[PDB]
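Basis: the model, the stated rules and, where named, an outside source; these are not laboratory values. Every residue, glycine among them, receives a Cβ derived from its backbone with ideal geometry; neighbour counts consider all protein chains shown.
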Amino acid sequence: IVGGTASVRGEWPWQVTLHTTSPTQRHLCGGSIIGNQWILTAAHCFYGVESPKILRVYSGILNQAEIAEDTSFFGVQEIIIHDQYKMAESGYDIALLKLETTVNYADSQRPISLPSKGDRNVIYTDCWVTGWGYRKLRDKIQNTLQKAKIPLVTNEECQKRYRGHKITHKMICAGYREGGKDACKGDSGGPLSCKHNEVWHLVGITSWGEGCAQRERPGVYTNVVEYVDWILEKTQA
Ligand SMILES: *[C@](=O)([C]([C][C][C][N]C([N])=[N])[N]C(=O)[C]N1C(=O)C([N][C]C2=[C][C]=[C][C]=[C]2)=[C]N=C1S[C])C1=N[C]=[C]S1
């Protein structure tokens with residue numbers, strides 16, 4: 001995350017850090033707990049990933065330093081990628097990770113509610129993007145989970161900033177006209193939480209953008225509310 005600040009421990013209990021053991025263990029992407037056995041993340045985060053066996057999900061983490069060889073984690077039983085996904089910039093950048101075991105909720109790890117179709121009209125004014133991603137290009141994974149408050153921008157305005165792409169209604173953008181605060185490499189799959197009426201909603205999933213925090217280049221996110229039916233279908237045993 002760029003132009004962000006250190007998060008408070010337990011402040012984003014649905015935020016998880018997704019790790020890969022190949023070749024050696026490291027943070028791969030962010031993700032969000034949406035069910036006792038489900039993580040919602042980005043699809044493009046599984047490029048080159050041929051087996052869920054090399055994945056490790058860590059919940060209730062503030063600092064990457066807390067993660068050691070002993071540290072407990074959640075295995076991944078199945079990776080579910082939207083069948084229409086091709087690449088982040090084309091949309092459908094969403095995936096579900098079915099965990100091998102169930103998450104026991106607590107103050108440090110709990111699920112975030114999904115947006116309601118009737119909320120597609122709601123005006124989110126308190127939105128935050130979080131992650132251990134780059135604080136700048138050519139940077140590196142950060143130790144402490146970062147947070148940044150960023151305003152949502154209309155799809156019309158976003159389309160103007162990406163004339164080379166098609167910003168669909170299945171995407172949602174966020175950023176400052178002057179740039180300065182945004183998600184970056186490593187934040188992918190992360191949640192774009194928006195508190196409405198005392199309740200936090202998973203409005204978006206960190207997906208892509210041109211560079212990071214550049215002026216007139218809003219971050220682009222998967223518009224989660226457009227996938228509630230998909231999520232229900234894929235999670236209902
Ligand atoms: C993800 O953490 C990053 C997050 C990027 C967020 N960017 C913001 N908010 N400024 N996602 C990606 O790397 C996805 N991605 C891209 O963002 C780009 N950008 C180049 C581009 C896009 C549009 C127009 C011009 C240029 C290119 N490819 C990809 S696919 C990986 C990470 N995911 C994996 C590692 S870090």
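Inspect all residues belonging to region 39-46 and state whether any of them is under 23 Å from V129 (Cα atoms), assigned to a loop (DSSP other than H, G, I, E, B) and within 15 Å of the chain's Cα centre (by Cα).
yes
Select from region 1-30 the residues that are touching a helix residue (DSSP H, G or I) at 6+ places or on another chain (Cβ under 8 Å) and not in a loop (DSSP other than H, G, I, E, B) and write down the one among them that is nearest to the ligand (Cβ to nearest atom).
Out of the qualifying residues, it is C29.
Can you name the condition, by its number, that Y92 falls short on among (1) within 14 Å of the ligand (Cβ to nearest atom); (2) free of Cβ contacts under 8 Å to residues at least 40 places away in the same chain?
Of (1) within 14 Å of the ligand (Cβ to nearest atom); (2) free of Cβ contacts under 8 Å to residues at least 40 places away in the same chain, only one is false for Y92: (2).
Of all residues in region 111-134, count the ones that are within 16 Å of the ligand (Cβ to nearest atom) and not in a loop (DSSP other than H, G, I, E, B).
5
Condition check ((1) closer than 30 Å to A65 by Cβ; (2) out of contact with any helix residue (DSSP H, G or I) (no Cβ under 7 Å at 6 or more places or on another chain); (3) aromatic (F, W, Y)) across all residues:
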position	(1), (2), (3)
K160	no, yes, no
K166	no, yes, no
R217	no, no, no
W230	no, yes, yes
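Would you say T101 is farther than 20 Å from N223 by Cβ, of a type in the set (V, I, T) and away from the ligand (no atom under 16 Å from the Cβ)?
Numbers: farther than 20 Å from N223 by Cβ: yes; of a type in the set (V, I, T): yes; away from the ligand (no atom under 16 Å from the Cβ): yes.
So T101 fits the description; yes.
Being out of contact with any strand residue (DSSP E or B) (no Cβ under 9 Å at 6 or more places or on another chain) and aliphatic (A, V, I, L, M) is the filter; apply it to region 208-232 and report the residue that is farthest from the ligand (Cβ to nearest atom).
In this case the residue turns out to be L232.
Can you tell me which residue in region 70-94 is nearest to the chain's Cα centre (by Cα), limited to those that are under 22 Å from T130 (Cα atoms) and part of a helix (DSSP H, G or I)?
Only one residue tops the list, namely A88.
Kindly indicate whether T235 is away from the ligand (no atom under 13 Å from the Cβ), not assigned by CATH to the domain that holds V8 and not charged (D, E, K, R).
Considered against the rule, which asks whether it is away from the ligand (no atom under 13 Å from the Cβ), not assigned by CATH to the domain that holds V8 and not charged (D, E, K, R), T235 comes out as yes.
Would you point out the residue of region 178-207, among those that are among the basic types (K, R) and within 14 Å of the ligand (Cβ to nearest atom), that is farthest from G219 (Cα to Cα)?
Of the residues in region 178-207, the ones among the basic types (K, R) are 181, 185, 195.
Restricting the remaining residues to those that are within 14 Å of the ligand (Cβ to nearest atom) gives 181, 185.
Working: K181: 9, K185: 11 Å.
Looking at residues that are among the basic types (K, R) and within 14 Å of the ligand (Cβ to nearest atom), I get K185.
Could you give me the residue pairs with C-beta distances under 6 Å whose first residue belongs to region 201-218 and is within 24 Å of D119 (Cβ to Cβ), whose second residue is within 6 Å of the ligand (Cβ to nearest atom) and among the acidic types (D, E) wherever it lies, and which are 6+ apart or on separate chains?
From residues that are within 24 Å of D119 (Cβ to Cβ), the pairs are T206/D187; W208/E89.
Out of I67, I1, I need the residue that is in the same structural domain as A213 (by CATH) and under 17 Å from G131 (Cβ atoms). Which one?
Values: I67 fails: in the same structural domain as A213 (by CATH).
It is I1.
How many residues does region 116-134 hold that are surrounded by 11 or more Cβ atoms within 10 Å (Cβ to Cβ), more than 14 Å from the chain's Cα centre (by Cα) and either of a type in the set (G, A, S) or not assigned by CATH to the domain that holds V203 (or both)?
Result for region 116-134: 1.
As an exercise: evaluate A65 against (1) surrounded by 12 or more Cβ atoms within 10 Å (Cβ to Cβ); (2) part of a helix (DSSP H, G or I); (3) among the small types (G, A, S) and give the number of the one condition it does not meet.
Failed condition: (1).
Condition first: crowded, with 19+ Cβ neighbours inside 10 Å, within 18 Å of the chain's Cα centre (by Cα) and not in a strand (DSSP E or B). Now tell me which residues in region 95-110 satisfy that.
If the condition is that a residue be crowded, with 19+ Cβ neighbours inside 10 Å, within 18 Å of the chain's Cα centre (by Cα) and not in a strand (DSSP E or B), then no residue fits.
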